[PDB]
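First, one chain by itself in structure tokens, the form deposited in one PDB entry.
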């Protein structure tokens, strides 16, 4: 069973930002036409070549070996912003150790005079701010006027980010991760905590209106190209980390045992965990909309702080809220820290496979972990400042889960389906597993996933809406250009590798292409 800060954090706010009900139709369309086949595809590439990352494509069409470098750039940017998520979770954890939680009431220093408590909001009869949103935007974020105003580096959040990078650095190497009975604890503790939030959320007054927001689709919103890419790349986001889950928690361990059915087990458990966490979150948001005087779609942040608003707000409606706040943010830290151990281990493994003996493995290699974590911390300092949410939402929308994931998935499916061969790949699959994949996987890699990714990419490129944080901020064109630069640094790995592999190999164009598309 796989779970991370995908299901728990990302899917609720991407669903809430895109109207709730209208998000689930592209979510399940991508889940059953793209996401499970692409997840099985990358798992078969991982099990096929007995190496890691970039050099997994020397046996699958070495012309397109830039998919490995695209995965390198995607996981690097993902590590930076996913660890600043963990910095926010740590900051909420250290603010959870007093008796009465700081987001429960608004009489503190960071609160505006316009606030009053959410319990006393329907007795006013309306431009009154909730205390959870005020705490989130003014003590955790200390949200500035825009990305043009980064303000000052929050030393609280920067030391929380340094603490969680020291936890990562002291566990990636010079240490060991969870192996034995602690695995059995950390496999069911996030599910138990999510079950506690779900049972709490459904019993809140007004959860039914939130579930009606969550499940009933708004069909006019399906014509928004933001919804389709948000859903499909939430699938590709939650499964690229699930790709690293199998690869980093055991390579070729599932060798004869059904890496088809293993992949559908973890994929369906991951998507079901997303769906359960969405039920919990939107039950809380329906409760908050009934409790306040505002709409369900306006009650909280249409942006990444939804899990830091709805889940702490539900924690404040528990018996002993300090207990549930401490354990919920410990759960967030365990989930994202295990996923960060997974992704940083994958990044180190793939870079020391990029240079097997070239200057990395022959030296100490302890210092390479420190340098990678150091520049990843310094890049994480750009989005943990006072304008840190704007840089963070840029990184989340663009750097590792935007059209870049559609680009990588379409290019993997196109290469394996056409330039490598569905039948050749199926023969390899039968060699490792024992049976060729069915017409679902075959026609998904051939037709369905390239058509879905190309259609969503072209559909947003013809019906473009800019990235907006919390429906009210409009990013400046330099910030949109920076986000597209992160996406293209993930995306332009493939064509630049195509060009340099054409120019390094001597011969005519047909001979170069023929040499580079035949596997080695």
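Positions refer to the first chain, counted from 1. Take the two forms, superpose them, and find the largest set of C-alpha atoms that agree within 1.5 Å; that set is the rigid core.
Below, we turn to the form solved in complex with a small molecule, even though it does not appear here.
Can all three of 392, 396 and 468 be found with a heavy atom no more than 4.5 Å from the small molecule in the entry with it bound?
-> No: no residue has a heavy atom within 4.5 Å of the partner.
Among the candidate residues 231, 160, 240, 332, which is the single one with a non-hydrogen atom no more than 4.5 Å from the small molecule in the entry with it bound?
-> Residue within 4.5 Å of the partner: 240.
Since exactly one of 165, 82, 135, 411 fits, which has a heavy atom within 4.5 Å of the small molecule in the entry with it bound?
-> By the 4.5 Å heavy-atom cutoff, the listed residue in contact is 82.
If we take heavy atoms and a 4.5 Å cut-off, which stretch out of 312-320, 336-344, 177-185, 354-362 is in contact with the small molecule in the entry with it bound?
-> Careful reading of the contacts points to 336-344.
Taking heavy atoms and a 4.5 Å cut-off, does residue 519 contact the small molecule in the entry with it bound?
-> Taking the distances in the entry with it bound, the answer for residue 519 is no, it never comes within 4.5 Å of the small molecule.
In the entry with it bound, residue 106 touching the small molecule (heavy atom, 4.5 Å) | Residue 106 lies outside the contact set for the small molecule.
Using heavy atoms and a 4.5 Å limit, would one call residue 78 a contact residue for the small molecule in the entry with it bound?
-> Output for residue 78 is yes: heavy atoms within 4.5 Å of the small molecule.
Identify which of 170, 184, 440, 355 has its C-alpha displaced by 2 Å or more between the shown form and the other one once the rigid core is superposed.
-> Between the two forms, the residue that moves is 184.
Comparing between the shown form and the other one on the rigid core: C-alpha of residue 95 shifted by 2 Å or more?
-> Shift at residue 95: below 2 Å after core fit.
Cα displacement of residue 233 between the shown form and the other one reaching 2 Å, rigid core superposed | No, its C-alpha moves less than 2 Å.
Tell me, please, whether between the shown form and the other one the C-alpha of residue 274 is shifted by 2 Å or more, with the rigid core used for superposition.
-> No, its C-alpha moves less than 2 Å.
Specify closer or farther for residue 241 and residue 325: how their Cα atoms are spaced in the entry with it bound versus the shown form, given a shift of 3 angstroms or more.
-> Relative to the displayed form, residue 241 and residue 325 move farther apart in the entry with it bound - a change of at least 3 Å between their C-alphas.
Check residue 75 against residue 243 at the C-alpha atoms and report closer or farther in the entry with it bound, compared with the shown form; the change is 3 Å or more.
-> Closer: residue 75 and residue 243 approach by 3 Å or more in the entry with it bound.
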